[PDB]
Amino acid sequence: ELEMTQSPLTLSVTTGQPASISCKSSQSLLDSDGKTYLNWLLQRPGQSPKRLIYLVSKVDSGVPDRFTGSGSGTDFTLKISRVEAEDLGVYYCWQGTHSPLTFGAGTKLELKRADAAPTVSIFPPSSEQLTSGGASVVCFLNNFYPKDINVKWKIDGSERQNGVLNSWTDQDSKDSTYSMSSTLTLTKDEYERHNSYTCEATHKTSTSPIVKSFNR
């Protein structure tokens, strides 16, 4: 079966600066019919895939004019004149020349931008949820850059790490920032036996932790 290789794995680029992804096949993709059946594809987080390019170079209508595709035989590249936030996603090359169809592994595209500090928000347990015997304290860290970050929880000044679950988003489709969720789960009994709940973020936009909190 025919083998597709994309490089790089992750491409990171300054806005306005041009981008190139390279796709290599284990075997020529020139079909016996004179046509080369090499395609490009885009999958934005949580989205279904979207055709970008077919037949090496023919650009889907509905796809902005900054995308181009070229190459021949086993070597192919996708170019973007200048990258925008809406281009962020994962880029697959795939081949229809030889059965079975095979896909590259994906190239994740990334945008550089100016540093931004997280907007931090903290939320105590829901009344509804308390009734049913559980307690989740929630913390959102939204619209920050760069990616690199971390979160610490504190109950009454003491650190807590059991019962903590975090989730992250990929770069935002308009502003190129990252956002993060952190959730602390307790029993109602444990939750009620303390007063002070603190959520705090470590990020290069600040020399000290950026802190949000509440008392009952």
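Note that residue numbering follows the sequence shown and begins at 1.
Participant: Report the stretch with the higher mean CA temperature factor, choosing between 95-103 and 127-135 on the basis of the entry.
Facilitator: The deposited B-factors put 127-135 ahead on the C-alpha mean.
Participant: Decide which of the stretches 79-87 and 137-145 has the higher mean C-alpha B-factor, going by the entry.
Facilitator: Averaged over C-alpha atoms, the B-factors run higher in 79-87.
Participant: Check the PDB entry and point out which of 26, 166, 185, 171 has the largest C-alpha temperature factor.
Facilitator: Of the options given, 185 has the highest CA B-factor in the PDB entry.
Participant: Could you say which of 177, 57, 32, 161 has its CA atom at the highest B factor, as listed in the PDB entry?
Facilitator: The listed residue with the largest C-alpha B-factor is 161.
Participant: Against its chain's modelled residues, does residue 53's Cα B factor rank lowest, middle or highest third?
Facilitator: According to the entry, residue 53 has a C-alpha B-factor in the chain's middle third.
Participant: Lowest, middle or highest third of the chain for the C-alpha temperature factor of residue 193?
Facilitator: For residue 193, whose C-alpha B-factor we compare with every modelled residue in the chain, the answer is the highest third.
Participant: Classify residue 151 as lowest, middle or highest third according to the C-alpha B-factor given in the PDB entry, relative to its own chain.
Facilitator: It falls in the top third of the chain.
Participant: Split the chain's modelled residues into thirds by Cα B-factor; is residue 20 in the lowest, middle or highest one?
Facilitator: For residue 20, the deposited C-alpha B-factor lands in the middle third.
Participant: Considering every modelled residue of the chain and its Cα B-factor in the PDB entry, is residue 36 in the lowest, middle or highest third?
Facilitator: For residue 36, whose C-alpha B-factor we compare with every modelled residue in the chain, the answer is the middle third.
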